[PDB]
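Structure below.
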């Protein structure tokens, strides 16, 4: 019953290659996977190609123009251990901390390599 | 008493389909390709009929030797078929395209459509802001070849919800959308979205629950039971709120007078005083910790993160994004742009103040509207009437957007693209209208 | 029977204009309930320069 | 304008890069590896120069004889394991007499 | 005359930097010259073999980082990897 219900769901939603929904003519080509990491660089190269051909023309609304300017006001410092207000930053390993005891039993005896995903949250690595 | 969370329960019944006799080929089809969920149905209906997350599995059966395909709500039947769910969204875009074709085939099968030589209905599509040419090219390819649809039109979901809540199409306002993977600010002038002053911050619900995931990994590195993404999503949904003032709330949330009331203990599912040490308050709350109790070491303690993770939108430097905050970006838009001298609001700015709208999937967090009203009263001149409109469910106002747009036939024809215009102008064509993307150049 | 009129808050804009002799200065003051712009005479501007007032000082 | 001053380090970085090019270790060499070599070299000689300094003021001599670095290198187990197999010219023997070998 | 290669002046004035009032003899310069090229060829070889074991064809900070984390017995490596990472961050800062 448990292993037979999914068969009923599969045969209820069963569809094939000559389905009634997609069109009669296909001409379907092959398609590269084209992950999202290279897509921003592809658009950057494309818009650089367009501006260099125009240089041999001001952009209006691109992906790199809508994207936010950095803050003018200084960002508030925070302790990376507790999320509290950070007063002190340790000079040995560059982690801000709030009071003495997190420096005693967390910041001092921490393992090497814990720092890199400790500072990955604020992107200080 | 600590609470215990689980995965959301699977659906006992599968999703029904609409009757095929009620289909007509003249009605358009409204789709919303959201990063989290898919909304599909007709236009004449106002209430939703198909809401499901975008996922698909290839269940290989041993006895029949046939790869079964389970789509959306059909993936919410078994735990193994839920865990093998695959989203088509990779990053803020789509990368695998055949998955989009079979989920569109699933929506067309479950809409009660009996078509011939492709779908005879024009489609209504939402798209992200400043969308890259390759995915809209592939979109034109798949709809104009695979499905044989007569017409297509496109737009942004935030502007569509703005047009839904301002149905005259000529109002002036400032829309804010908090999506699953991005947060957008668009100033709207006279019913047309001014996209040269639009702003985007790279944070959404997905980055927030990943922040919860690696924050819980960092806070309890010796936790034995790995909890899934759905548990992180549910306890972000149920135990997080926007603080009214993050500077003042952070200096008193570790006191004992708050941790008796504002600490949530979450139990994992399975078969020299501590008063003066803030480590014991931060890790184990205001109750003493016994390391020998079996139920004790299966526990979260949510004390700081509940007000810490919604503050990443207001200060992106916590999340590592070197960007200005939502309040600072709104100050930049409202006080130094559209002919507004800083210290002298123009009439465009005054009209934009009175029609501030918050929408998107990540507006469900409580305390957001009061916080943005407090900030707006903070930086504006005195006496400005600030109005903030928030929907009861701001995850559905986009479908109301294309419903009101395609019900308004007078302005519906200004945005449509037929087969004939695409065939004469290729995939490279930009339809410049009020409620959608503009040209990449001037 | 006198009156007391007080403007206090954070300076967000201190923009003086001349014509070497300053004509006036537009000063913007910001508090928790909003902001308010002020025009000022040059003597109060000289007193502001005496007190070493920059952008962001309450 | 020197790259050692750009790295903020005192031990030279162009010299070790030159010795790494024709030292026939790898056909391709990264930029940060000679800096890392100069850093670990500076740390090693800084540590034993502190050790030779405290041996020198223990014996109250302004000039560090190699015997000073013998009882500087035999006073820590990390360099007793790192330089235990080594043989040193004019090193002598550290003072070590067994309790049983002593009379009474 | 011949251009002899030796880092005796480098060790001489880090000695002068950390101990401003301490002298030294020429046999000492020869003896830690033997030290520093002993460890220079030892750890240059180590990384070499290692990277070749990894089948990598180069030498960036990674191979030498694991080599100096692996090679010497202790303590000096614990300060050394931290100070070397701090050195390469002041290099990339400049």
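Protein chains in written order, with the numbering used here: chain A, 1 to 125; chain B, 1001 to 1442; chain C, 2001 to 2058; chain D, 3001 to 3104; chain E, 4001 to 4094. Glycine included, each C-beta is placed from N, C-alpha and C at the ideal position.
Quiz item: Rounded to a whole number of angstroms, what is the C-alpha to C-alpha distance between residue 3047(D) and residue 4014(E)?
Solution: 11 Å
Quiz item: Since residue 2027(C) is in the beta strand (DSSP E), which residue starts that stretch and which ends it?
Solution: 2022-2031
Self-check item: Within 8 Å, strictly: CB atoms of residue 1050(B) and residue 1110(B)
Solution: yes
Self-check item: Short-range partners of chain C found in the stretch 1357-1387 of chain B, where Cβ spacing is below 8 Å
Solution: 1377, 1378, 1379, 1380, 1381, 1382, 1383, 1384
Quiz prompt | residue 1165(B) classed as buried or exposed, judged by whether at least 16 other C-beta atoms fall within 10 angstroms | solution = Answer is buried; the Cβ neighbour count reaches 16.
Quiz item: Any idea what DSSP makes of residue 1299(B), helix, strand or coil?
Solution: In this structure, residue 1299(B) counts as strand in the three-state DSSP scheme.
Quiz prompt | Which of helix, strand or coil DSSP assigns to residue 1416(B) | solution = Coil at residue 1416(B), not helix or strand.
Exercise. Anything in the stretch 1329-1346 of chain B with a Cβ closer than 9 Å to a Cβ of chain C? List those residues in chain order, please.
Key: Cβ proximity to chain C below 9 Å picks out 1342, 1343, 1344 from the stretch 1329-1346 of chain B.
Practice problem: Within the same chain, show all residues whose beta-carbon is closer than 8 Å to that of residue 1371(B), passing over the 5 residues directly before and after it, in chain order. | Solution: Closer than 8 Å at the Cβ level, and outside the excluded window around residue 1371(B), lie 1242, 1243, 1244, 1314.
Quiz item: residue 1057(B) and residue 1086(B): beta carbons closer than 8 Å?
Solution: yes
Self-check item: Collapsed DSSP secondary structure at residue 19(A) in the structure displayed
Solution: coil
Quiz item: With burial defined as no fewer than 16 other Cβ atoms inside 10 Å of the residue's Cβ, what is the status of residue 955(B): buried or exposed?
Solution: Since the first and last residues shown for chain B are 1001 and 1442, residue 955(B) lies out of range.
Quiz item: Does the beta-carbon of residue 1029(B) have 16 or more other beta-carbons within 10 angstroms, so that it is buried, or is it exposed?
Solution: buried
Quiz prompt | Beta-bridge pairing of residue 1211(B) - partner residues as DSSP gives them | solution = Note: residue 1211(B) sits in no beta bridge, so no partner.
Quiz prompt | For residue 97(A), three-class secondary structure by DSSP | solution = strand
Quiz item: Is residue 1115(B) helix, strand or coil by DSSP?
Solution: coil
Quiz item: So residue 1013(B) is in the beta strand (DSSP E); what residue range does that whole segment cover?
Solution: Neither: residue 1013(B) is in no beta strand (DSSP E) and is coded neither H nor E.
Quiz item: Are the C-beta atoms of residue 3008(D) and some chain E residue less than 8 Å apart?
Solution: Interface annotation, residue 3008(D): in contact with chain E, CB-CB separation under 8 Å.
Exercise. Check the Cβ of residue 63(A) against every Cβ in chain B and list those closer than 8 Å, keeping chain order.
Key: 1130, 1132
Quiz item: At which residues does the alpha helix (DSSP H) containing residue 1237(B) begin and terminate?
Solution: 1229-1238
Exercise. State the DSSP-derived secondary structure class of residue 1147(B), mapped to helix, strand or coil.
Key: coil
Quiz item: Using a Cβ-Cβ cut-off of 7 Å (strictly less than) and excluding sequence neighbours within five positions of residue 1433(B), which residues of its own chain qualify?
Solution: 1414, 1415
Quiz prompt | Boundaries of the beta strand (DSSP E) in which residue 1040(B) is found, first to last residue | solution = 1037-1041
Quiz prompt | Start and end residues, beta strand (DSSP E) containing residue 1156(B) | solution = No beta strand (DSSP E) holds residue 1156(B); DSSP gives it neither H nor E.
Quiz item: Helix or strand or just coil, what does DSSP make of residue 1398(B)?
Solution: helix
Practice problem: Below 8 Å CB to CB, which residues in the same chain sit around residue 2013(C) once its five sequence neighbours on both sides are set aside? | Solution: 2026, 2027, 2028, 2037, 2055
Self-check item: Beta-carbon spacing of residue 1417(B), residue 1204(B) below 8 Å
Solution: In this structure, residue 1204(B) does not lie closer than 8 Å to residue 1417(B) by Cβ.
Quiz item: Given 8 Å as the limit, is there contact between the stretch 1160-1177 of chain B and the stretch 1395-1404 of chain B, that is, 3 or more CB pairs closer than that?
Solution: As far as the Cβ criterion goes, the stretch 1160-1177 of chain B touches the stretch 1395-1404 of chain B, which means the pair count is three or higher.
Quiz prompt | N- and C-terminal bounds of the alpha helix (DSSP H) containing residue 1127(B) | solution = Here residue 1127(B) belongs to no alpha helix (DSSP H), and DSSP marks it neither H nor E.
Exercise. Using a cut-off of 7 Å between C-beta atoms, extract the partners of residue 2019(C) located in chain B.
Key: Identification of chain B residues near residue 2019(C) by a Cβ-Cβ cut-off of 7 Å yields none; the smallest Cβ-Cβ distance measures about 21 Å.
Quiz item: Under 7 Å Cβ-Cβ, which residues of chain A neighbour residue 1195(B)?
Solution: 61
Quiz prompt | Beta bridge counterpart(s) of residue 2034(C) as assigned by DSSP | solution = Beta-bridge annotation (DSSP): residue 2034(C) is paired with 2031(C).
Quiz item: alpha helix (DSSP H) containing residue 1190(B): first to last residue?
Solution: Taken as a continuous stretch (DSSP letters only), residue 1190(B) belongs to no alpha helix (DSSP H), as it is neither H nor E.
Quiz item: Is the Cβ-Cβ distance between residue 3074(D) and residue 3051(D) less than 8 Å?
Solution: For residue 3074(D) and residue 3051(D), no; Cβs fall outside 8 Å.
Self-check item: Closest by C-alpha distance to residue 1140(B), when choosing among 1117(B), 1169(B), 1101(B)
Solution: 1101(B)
Quiz item: Leaving out the 5 sequence neighbours to the left and right, which residues in its chain are closer than 7 Å to residue 1061(B) when beta-carbon positions are compared?
Solution: Only 1068 meet the Cβ criterion.
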